[PDB]
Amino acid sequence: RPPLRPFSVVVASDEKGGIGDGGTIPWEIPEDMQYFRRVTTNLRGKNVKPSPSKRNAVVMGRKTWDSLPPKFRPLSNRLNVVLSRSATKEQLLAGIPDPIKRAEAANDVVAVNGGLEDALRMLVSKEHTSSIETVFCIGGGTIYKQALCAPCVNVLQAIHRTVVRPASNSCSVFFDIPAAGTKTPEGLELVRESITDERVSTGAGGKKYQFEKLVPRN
């Protein structure tokens, strides 16, 4: 069976696993926004600037793409891989209000009529193996779930999770991660590799957050 491209998950969720209200993210944590940008944009080695020749790819569901404000659509300096059963590349670009930016964005957007697995099969192509350094799954609910299920979970390299507290009173969409010291029936157990001390966001509500990195146990 054609092998799947390895990948990492980047997500922000509260203790109840909440990640959103169905349409957007309920909290304002600029520190996470900035960290997310750096983590998904940065290329390894010294002074390697992202370009179509080599850059990371961010895989997201169509609803997550729609959730991106104009200033973040597409996510610059990264290949935007959008999963949709109906929306084509042109249709995804059609929603970008600035016509010149929309023209410039054509080079950074690819539509996949399939789920995460389909995206990973595609990112394994010799073209992408060279031009795409790291693949980051960035949501939302439907995509995160596929990430922790076979066969995708078998090539999951790490989870960069921003833990948010206190729990949101607006979350209806979740990301179910197995608790520490627990192994899912499917066979996945995560181990903390690192975690920052809790900090208070300068954002509205002053949410308390931590940047945690988890990896599958082997």
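One rule holds for the numbers: they count along the sequence shown, beginning at 1.
- On average the C-alpha atoms of 162-170 have higher B-factors than those of the other stretch, with 54-62 and 162-170 being the two compared.
- On average the C-alpha atoms of 185-193 have higher B-factors than those of the other stretch, with 43-51 and 185-193 being the two compared.
- The PDB entry assigns its highest CA temperature factor, among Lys89, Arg102, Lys71, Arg78, to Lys71.
- Per-chain ranking of the deposited C-alpha B factor places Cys137 in the lowest third.
- Looking at the C-alpha B-factors along this chain, the one for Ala204 belongs to the highest third.
- In the deposited entry, the Cα temperature factor of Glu127 sits in the top third of values across the chain's modelled residues.
- Compared with the other modelled residues of the chain, the Cα B-factor recorded for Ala119 ranks in the middle third.
- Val109 sits in the lowest third of its chain by CA B factor, as recorded in the PDB entry.
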